[PDB]
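Q: coords please:
(chains A and B, ligands or ions: 3)
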Protein chains: 2
Amino acid sequence: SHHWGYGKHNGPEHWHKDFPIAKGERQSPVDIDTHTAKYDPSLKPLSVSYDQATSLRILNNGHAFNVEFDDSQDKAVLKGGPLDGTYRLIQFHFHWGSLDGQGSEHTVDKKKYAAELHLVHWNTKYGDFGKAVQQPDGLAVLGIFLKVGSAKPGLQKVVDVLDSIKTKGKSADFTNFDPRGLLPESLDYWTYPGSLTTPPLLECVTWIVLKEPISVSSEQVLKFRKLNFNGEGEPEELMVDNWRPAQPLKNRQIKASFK
Amino acid sequence: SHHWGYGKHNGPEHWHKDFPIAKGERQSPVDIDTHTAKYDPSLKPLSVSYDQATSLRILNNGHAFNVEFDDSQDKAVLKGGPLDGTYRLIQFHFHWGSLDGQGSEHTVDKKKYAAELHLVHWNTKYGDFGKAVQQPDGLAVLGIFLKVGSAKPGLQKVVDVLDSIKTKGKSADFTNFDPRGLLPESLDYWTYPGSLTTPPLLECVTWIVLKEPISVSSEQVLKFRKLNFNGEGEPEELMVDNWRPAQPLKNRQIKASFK
Ligand code: NA
Ligand SMILES: [Zn+2]
Ligand SMILES: [Zn+2]
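A: Residues are numbered from 1 along each chain as shown, chains lettered A, B, ... in the order given. Ligands and ions are numbered 1, 2, ... in the order given. What follows is the structure:
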């Protein structure tokens, strides 16, 4: 089948072959230069309403692991900030490194974090995720850096189930997970127009990247590295370095909600 | 689950529900008003090079039947006219009516023909059809009107095989078919920027519609009406009136190659 990954032959440098938008004008991630990002005090506070979030399952898709939510109603939504309308949470996933010193997709003054959490939301005025991804204003991804440090209690339920989804295609029931437990205390953010960071690389994302990282323990992130990109009974290829490097900003402006 | 067709409930008037681009700026087909479509002397001579065309198979896809070609090399190409680049023939198909007085998608001064032949080509530079459909210059469709009259010898080979592809999903081998035999003597044409005339209605088509129809006998076109939209063992729904009506021109200009 058509496929892609993060290896020498199928990795980010080659994605352009099947997905020519890889060289587009609004690609993600980007490096955030804190001295040139533009303060915009017209940006509203972000409203994160996750009180009724309903997680369903966790799965290994061969590129990362997703925790999927019931997005049939407004149970977990993002509003405000730079957004117009209501964006419903569909899933979250991470990108991470082979070493603590790398793994994030966005960087801040070229600094890489150990991992990056993406909470993926779609604009309810398009009716479903499939329609939303084909629109410039279809998705809002909230990106949250993970810095190695203190353990994050809220991540532990995720870590504890990874052994049941080791290889590509494995899934497991994953109910009653509270995504509020992955948020930092400050909701100060950068924002810019961009894309999905994996194929098909669609330019449909309003990026909202939080200034404040969450901590996770060296042991928590190590558990991510023990997942496999490959399927069961295939040669073991550890799921590490599933990040796209920073792409050119081109004519875009990154805005900060804070000075 | 998603379905479209040509019935009262799933037909062209409802396509916009799942495919909002149905109400876009460059939709097809259109009515060609011969009093306002003007000669454009910047148009280049149209080159149809089909001497090495290699047909492979014929199939009923539940919406029409397609004759598919080997598009791995430049064996059957369209160049010149309004096009920049070389466009490879991938398939042809028709749209037709329940009666001889209707069936074309394009109309000329509001006149409908009994059917319309679409020769579908994609721009080599995009590597394959799938990539090409996502670009405004991806496809070139040569459209040829079928007027009921004398039998067309060049169509007979197609007619003769239809009893082997009666239902959706059936296919048959269809080698050595010469698509030059479906062309009229004049390559005078009208051209405008438009779309696929079926879902997903992507706005990736340079239309080239020939002035001169080819003749089809009443019996030849009758055979098209004995095909079935449905699969084998499903209720019989005869494959007729699989045409989209003319859409608004909006801000486009239709150019003529001839004075
Ligand atoms: Na007219
Ligand atoms: Zn991501
Ligand atoms: Zn057609």
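
Q: distance of the closest residue to ligand 1 within the stretch 101-250 of chain A from residue A:257?
A: Nearest to ligand 1 in the stretch 101-250 of chain A, going by Cβ to the ion, is residue A:134, at a distance of 33.1 Å. (C-beta placed from N, C-alpha, C; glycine too.) Distance, residue A:134 to residue A:257, using Cβ to Cβ, to the nearest Å: 28 Å.

Q: same question, residue A:250
A: 22 Å.

Q: the more surrounded of the two?
A: A side-by-side neighbour count of residue A:250 and residue A:257, using other Cβ atoms under 10 Å in any protein chain shown, places residue A:257 first with 22 against 10.

Q: for that one, what are its contacts?
A: In this structure, residue A:257 makes contact with A:40, A:41, A:43, A:45, A:46, A:81, A:188, A:189, A:190, A:191, judged by Cβ atoms under 8 Å, 6 or more residues apart in numbering or on different chains.

Q: leaving out the residues flanking it, which one is nearest to the last one?
A: Distances taken as Cβ to Cβ, 6 or more residues apart in numbering or on different chains place residue A:82 nearest to residue A:191, at 4.7 Å, with adjacent residues excluded.

Q: how much space separates the one you found from chain B?
A: Using Cβ to the nearest Cβ, to the nearest Å, residue A:82 is found at 24 Å from chain B.

Q: got it, and residue A:42?
A: From residue A:42 to chain B the distance is 30 Å (Cβ to the nearest Cβ).

Q: so what's the residue count around that residue?
A: By other Cβ under 10 Å, 7 other residues sit near residue A:42.

Q: likewise residue A:108?
A: 18.

Q: against residue A:35, how distant is it?
A: Counting by Cβ to Cβ, the gap from residue A:108 to residue A:35 is 11 Å.

Q: do residue A:214 as well
A: For residue A:214, the distance to residue A:35 (Cβ to Cβ) stands at 24 Å.

Q: who are the contact partners of the closest residue to chain B within the stretch 151-259 of chain A?
A: Proximity of the stretch 151-259 of chain A to chain B (Cβ to the nearest Cβ) peaks at residue A:200, 9.5 Å away. Applying Cβ under 8 Å, 6+ apart to residue A:200 gives the contacts A:19, A:21.

Q: could you measure from it over to residue B:53?
A: Distance, residue A:200 to residue B:53, by Cβ to Cβ: 32 Å.

Q: swap in residue A:198?
A: Applying Cβ to Cβ to residue A:198 and residue B:53 gives a distance of 39 Å.

Q: quick one: which of those two has more around it?
A: The neighbour comparison of residue A:198 against residue B:53 (other Cβ under 10 Å) goes to residue A:198, with 22 against 17.

Q: returning to what we had before: neighbour count winner among residue A:214 and residue A:35?
A: Higher neighbour count among residue A:214 and residue A:35: residue A:214, with 22 against 5, using other Cβ under 10 Å.

Q: quickly list what the more buried one is bridged to.
A: Bridge pairing for residue A:214 (DSSP bridges) gives the partners residue A:146.

Q: tally of neighbours for the residue nearest to residue A:191?
A: 20.

Q: so it is in which element?
A: In this assignment (DSSP states H and E), residue A:82 forms part of neither any helix nor any strand.

Q: that one and residue A:208 touch, don't they?
A: Yes: Residue A:82 is within contact range of residue A:208, at 7.0 Å (criterion: Cβ atoms under 8 Å).

Q: overlap of the contact sets of these two?
A: Residues touching both residue A:82 and residue A:208 (Cβ under 8 Å, 6+ apart): residue A:191.

Q: now the residue in chain A that chain B sits nearest to: how far from ligand 1?
A: Residue nearest to chain B within chain A (Cβ to the nearest Cβ): residue A:20, separated by 6.6 Å. Distance, residue A:20 to ligand 1, by Cβ to the ion, to the nearest Å: 39 Å.

Q: list phi and psi for that residue.
A: Backbone torsions of residue A:20, given as degrees, to the nearest 10, read phi -60, psi -20.

Q: neighbours of it, just the number please.
A: Residue A:20: 15 neighbours (other Cβ under 10 Å).

Q: same deal with residue A:221?
A: 24.

Q: one more: residue A:9?
A: That count, for residue A:9 with other Cβ under 10 Å as the rule, works out to 7.

Q: now the strands for the stretch 101-250 of chain A?
A: Along the stretch 101-250 of chain A, counting by DSSP state E, counting those that start in this stretch, strands occupy A:107-108, A:115-123, A:139-148, A:171-173, A:189-194, A:205-210, A:214-216.

Q: sheet partners, orientation included, of the second one?
A: Strand A:115-123 has the following strand partners under DSSP bridges: strand A:87-96 (antiparallel), strand A:139-148 (antiparallel).

Q: Throw those into TSV and include distance to residue A:178, thanks.
A: Formatted as TSV, the strands paired with strand A:115-123 follow (distance: least, Cβ to Cβ, whole Å):
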stretch	distance to residue A:178
strand A:87-96	12
strand A:139-148	15
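
Q: up against chain B, what does the stretch 51-200 of chain A have?
A: Residues of the stretch 51-200 of chain A lying close to chain B (Cβ under 8 Å from any Cβ of the partner chain) are residue A:131.

Q: thought residue A:157 was touching residue A:177?
A: Yes: counting by Cβ under 8 Å, residue A:157 does reach residue A:177; the two are 5.8 Å apart.
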